[PDB]
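What follows is a set of notes on a single structure, which appears directly below.
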Ligand SMILES: *[C@@H]1O[C@H](CO)[C@@H](O)[C@H](O)[C@H]1NC(C)=O
Ligand SMILES: *[C@@H]1O[C@H](CO)[C@@H](O)[C@H](O)[C@H]1NC(C)=O
Ligand SMILES: *[C@@H]1O[C@H](CO)[C@@H](O)[C@H](O)[C@H]1NC(C)=O
Ligand SMILES: *[C@@H]1O[C@H](CO)[C@@H](O)[C@H](O)[C@H]1NC(C)=O
Ligand SMILES: *[C@@H]1O[C@H](CO)[C@@H](O)[C@H](O)[C@H]1NC(C)=O
């Protein structure tokens, strides 16, 4: 069968943040939609380069005429604040033969799919995935700021 | 409210366990990688500045120690049931490569052989020898207990690590003692709390 | 291959005085660096062995300061500065250059008498004579029944010296069949011993049992 | 269909029978327990009970109690979605003046709500 | 007491300087107890079956006694029995129970409760002998995952009081335990609140939202409430907390039972009052490895459910935020009946970086770790420590 | 003396079958030492080197399990001891065996086991097989079947191979 590979890149490039440890940021994948394996797929990766490339590989896939699979990515860190903070990823088996990848931009505490009775509901923002998914820091507060300041 | 007592009240101790393997680092020569704390499912891979204490980072890898070997550096870790393998960079824990079909290669981590090369111990005393013209520079009196010499670097940033007692490690440099570490506390099972604290009527009026 | 010879096979020494044991090897044990690869071991009676000197000249952790070692090449020597009654047991050499051998067996014996007799059990019959806390180590135990000797089934067991006083102890057993045993009335264990002066006998009739 | 046997035991000797009930699948998805027979015997003291449905059910000791002869207990059988006796317990209910049998279902939990995708925020704003 | 044989004393102030270290020769330690109320002597149980008695002094301690148990088998666990009788119940692997009466330290039934992954068992100690009393064993495909007992708590207020000054009379019965059963072949998690003297269940509550069973699960039992945590996929794939609160009766002013004048309740008959409950569920972002509840000298301040996450970061939330009987904050407005300062429901709980203890500390706490809480004076403050590979206190 | 070794094995063997013994370590640094077996046959001697390494480097005159820290041996009557030795050289080891094991007894005999009976007098034991029996709350060497006597100066005789647990007063 065929398997899919999510690429991505946390930038750490516009900022001067370069003294980091690289073990305090871990991205996680989970599987939500229409899996048949007796357990959803789940994985946890780390960085690959100073530039910040991360990559998943050998992800399972449903196969059929148009059958889709949905994964959810949990970009997390113990130093920074990452912007989307949950990403929905869709793999679709097009009838041509090629594999279609789509990303989206959710956030913590909303349902992913609409309630099947609402006509033309609000839809998640599409996110550009061709070179790589671009997770970004918060513009206002790149640092996590555990320490409350007295006085 | 935190910044006044950020580090003052917090009480954190770092335990690396009894060291199983100490691998030198090809860059930043005063730095090593320590595989320690084996168990049935995982081990603890840490990085350690050898001219100090100051553990740099730690990671719990889900592989047994015998499954972790160098390349033919790049620290290839290969499962045995399946062939899931991960190549991790030294000097930064970057997941350099991942795969399922074939491991690139391995080499078995070599045994010490520090006798016949650099060390002779006769009169309850430790002599460092050159390989040839063994003039026996840098002799040192042995400690009370002595198990083995964990690590030894002879070039310009000279560093020596002795496993002195069963769980204590002593670090010398060019010889003066530089640091001392103890991992007797690697796994706490049960606790108890010990507390420390201070320590006719007219005659009463007068006193 | 390498053969190890220990010079004294038994070395009784009084406490307080120095003692020494020697050890010789066919080949040379001199490593290129200067490591000697010879170890000295002590086995207490009824115990696992202990390490005393562990690279030919060093001293193992948790050992007194009394012990020391010396030598090189094909000769080695262990030396105790002060002997005490704890230091009793077998002493062994070992060479670690190629395939260790444990050639040795020195038997420091620093001993250079209460009499008990117990009655037979309820069932056969077995009478035991116990010579407890005797130093001279030298006794013969004999039996007397109705003035008639009984030598057969005379089984003896001697324990090793103590660690504090180093006084030997032994026991002797005469086992007879109950049918054989009860025919005679009065028994006595007789001992000729060095610590006392004249041989002594302890006697029992049936009496209580 | 199935028959449940209830019997108190002296904790060493043997199971002295105390009653029998039957578990009929009356509706498609609702089992009901009816008392086929209960045996009135004089009981007092600390005993450990026993439950058996012949074939696929044996609890040797589902509870330990200090019984007194005017038994006033409810035998609560506890089942799951695919009807099968999962756990039997016995409780004190004041007004029975006998042993009666009840079925208990697992009382499905909260399933708390989450923010939803709103309606027709496509051409209006 | 470490995993090897090593006792040591750490100064809770001065950044954990080591006051004294004693090296045993037990080759594994299993448990540690104070021998008497005087707090001078320790008894230490070994894995292979020995027990040691140690004299704690200001100076380096002395190992005053070592001796074997009656039966030389491997020791699984030890339970401390009544303080004054100086008894211990020792469970050997091979699952054999030994009553142990060590020394003076120089019907009044006693009930015990043991739990395994197979079920909850219970025992009665009579005439210096142990006797099996009941059993609650799981099926072939079920497996018990989390279990917790009711911690003894000082009683400050007998009932929670409402706006319009009516009181609900919270349920306070001491002999309770709570546990979770994880079932494959239906993919469900069941919560049970067992009465441990007799063995009645009194509550069952099952969730079917595709639980995972590979991510850690936990339960804690408060004074009159239970909070448990598990991972789940259906509503959103996120960590989930569930809180149940127990009351004697939900009508706003009622003691349906708990007749307090002269009744002298008898729990072994089963005559006790039965609870009523109210339950809610909350969603948490991060995977919670383990949970505990804090302690103080008098249990007045809020209980501060404290959690150790997968990262090693430690975060607490007060019990006021996890409010059953909550409302969505639309129905809290001008609802005179609610409470003083009635908190709203707020199902989604976001993580607050102020409460994250271990501000910048890595704190790799190992796979087997314990969260403990030590009370102090100055009742606002309580000490919490994490024991494991890395030992930490704050 | 925290790093100490515990043994398992077999007591009775007929001629011509293999003898299975197993040490187990309870201390740090399984990797860095050579773990050797040693025999003491009765008759005042010791001789063996059965060396091993963490990466299996057997050096005979010894199976390894790095998962659970238990070297294992499978091969006359003797006492068998574990060991732990310095590892200065690469593939040879350097002896210096500290932290010996408690030692197991292996008797290669033809007959079968017999429990010890008790006949108090001090406490006396009739013909039992195999060695040893341990008296508890003074002990003489056993004499060849084997019989052992003990002085009072009470008799909890224990025999693991036959599983005999007998209590008796003098
Ligand atoms: C999963 O499959 C079923 C049947 O094919 C379908 O009804 C359902 O909508 C699918 N799930 C989702 C999230 O679409
Ligand atoms: C055919 O494949 C191309 C990419 O190679 C894709 O863009 C196109 O959508 C496919 N055809 C159809 C009908 O989808
Ligand atoms: C290790 O310690 C030495 C001396 O304290 C220091 O010079 C060096 O920079 C340290 N290594 C790193 C990576 O900081
Ligand atoms: C290798 O993968 C198998 C898959 O079942 C797993 O059981 C095993 O634990 C893995 N190896 C290690 C060292 O964990
Ligand atoms: C190892 O043992 C010695 C002697 O008891 C003692 O100094 C300490 O416990 C250890 N050695 C050192 C140098 O700390």
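All chain B residue numbers match Swiss-Prot; in order, they span 25-96, 100-201, 206-230, 247-254.
Cβ coordinates are placed from backbone N, Cα and C, and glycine is handled just like the others.
Its Cβ placed at the centre, residue B:73 (N-linked glycosylation site) has 17 other Cβ atoms within 10 Å. According to Swiss-Prot, the feature N-linked glycosylation site maps to B:73 (among others).
Per Swiss-Prot, N-linked glycosylation site is recorded for B:106 (among others). Counting only same-chain residues at least 6 apart in sequence, those with a Cβ under 8 Å from the Cβ of residue B:106 (N-linked glycosylation site) are B:87, B:91, B:112.
Around residue B:192 (N-linked glycosylation site), a 10 Å sphere centred on its CB holds 18 further CB atoms from the protein chains shown. Taken from Swiss-Prot, the feature N-linked glycosylation site covers B:192 (among others), and the record attributes it to sequence analysis.
A Cβ distance below 6 Å to any atom of ligand 4 is met, among the glycosylation sites B:73, B:106, B:192, by B:106. In this structure, the glycosylation sites that sit close to ligand 5, with a C-beta under 6 angstroms from any of its atoms, are B:192, chosen from B:73, B:106, B:192. Contact annotation for glycosylation sites (B:73, B:106, B:192) versus ligand 3: B:73, each with CB under 6 Å from a ligand atom. Distance between Cα atoms for residue B:192 (N-linked glycosylation site) and residue B:73 (N-linked glycosylation site): 21 Å, as a whole number.
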